[PDB]
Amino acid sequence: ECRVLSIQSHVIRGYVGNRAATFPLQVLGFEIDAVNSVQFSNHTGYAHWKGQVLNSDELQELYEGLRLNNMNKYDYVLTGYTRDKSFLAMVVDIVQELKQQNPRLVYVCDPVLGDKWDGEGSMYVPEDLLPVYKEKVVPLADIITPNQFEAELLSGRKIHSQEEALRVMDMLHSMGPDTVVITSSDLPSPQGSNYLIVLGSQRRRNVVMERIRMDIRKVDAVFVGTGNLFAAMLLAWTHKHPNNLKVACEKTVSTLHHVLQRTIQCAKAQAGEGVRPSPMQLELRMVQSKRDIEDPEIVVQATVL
């Protein structure tokens, strides 16, 4: 049994954070325990939203209960979006402790900080978080999944090309994580302008390095939860395929493809044909993608670099 302590948001309607991470990991047989960092009616991409958060003391309270029963032994830890600096610090103390309890623990960190829209990036988290991430979180992380913007912020240098991107990943590797994966980038593709690029690098002794590239066909709308889903599925596939970033990223990415495909279709069907689908209609068709998650048909071959 593989246990995962996943600490992320919970929303009542929709799929983001733990909602996007849990089902798929459960479907793939993991014992994922979800610590809901917040509980909102839905994600902030909607016009409205209400909810309550979980403060650092409550997080600790929860960990203590787990400790008391000797349930503080996990195989992986998964974290994503957080707005509170106090919360992040508490998360760090927990991974450290869980790591002492089980040194083999793999910490999967999604350093959610911001994104680039047109080519300009803007953080959607307070700045005081960046240093914590650079100095406390990443060093403890074994696997990190930043998008292009987050990889830039974390290293201090802009990524203009693929080679610059790979240099930035090298920097992150030295910061601690043995597995780095850029989940999206403005990088150009020879396949056309309708593409976003994914880059992945893994450091594993034998020391041997593995680097892969993937050119994903862009879809018309804006999704929410896909980053979180990418992180959880990476966790899942690097677990079944350790020492194979290639396949692990192919299954991860193929899973997302199917899900988004199913989502964009039903989304356009509901929305009046010719009309841009709303955030509500654009919620991931998670439940309906069950079979694609269990065994994703590979539809994007990754090229070795």
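Residue numbers run from 1 along the displayed sequence.
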- Task: Using none, 1 to 3, 4 to 9 or 10 or more, say how many deposited residues go missing between residue 206 and residue 207.
- Result: 4 to 9
- Message: Mean Cα B factor from the PDB record: higher for 116-124, or higher for 134-142?
- Response: 116-124
- Item | 268-276 or 243-251, whichever carries the higher mean Cα B-factor | 268-276
- Which of these, 36, 44, 238, 263, has its C-alpha atom at the highest B-factor, as the entry lists it? 44
- Among 230, 195, 76, 81, which carries the highest Cα B-factor? 195
- Query: So where's residue 18 on the chain's Cα temperature factor ranking, which third?
  - Reply: middle
- Query: Among the modelled residues of its chain, does the C-alpha B-factor of residue 149 lie in the lowest, middle or highest third?
  - Reply: highest
- Query: Within this chain, which third does the Cα B-factor at residue 257 fall in: lowest, middle or highest?
  - Reply: middle
- With respect to C-alpha B-factor, does residue 2 fall in the lowest, middle or highest third of the chain as deposited? highest
- Task: Could you look up the Cα B-factor of residue 165 in the entry and say which third of the chain it sits in: lowest, middle or highest?
- Result: middle
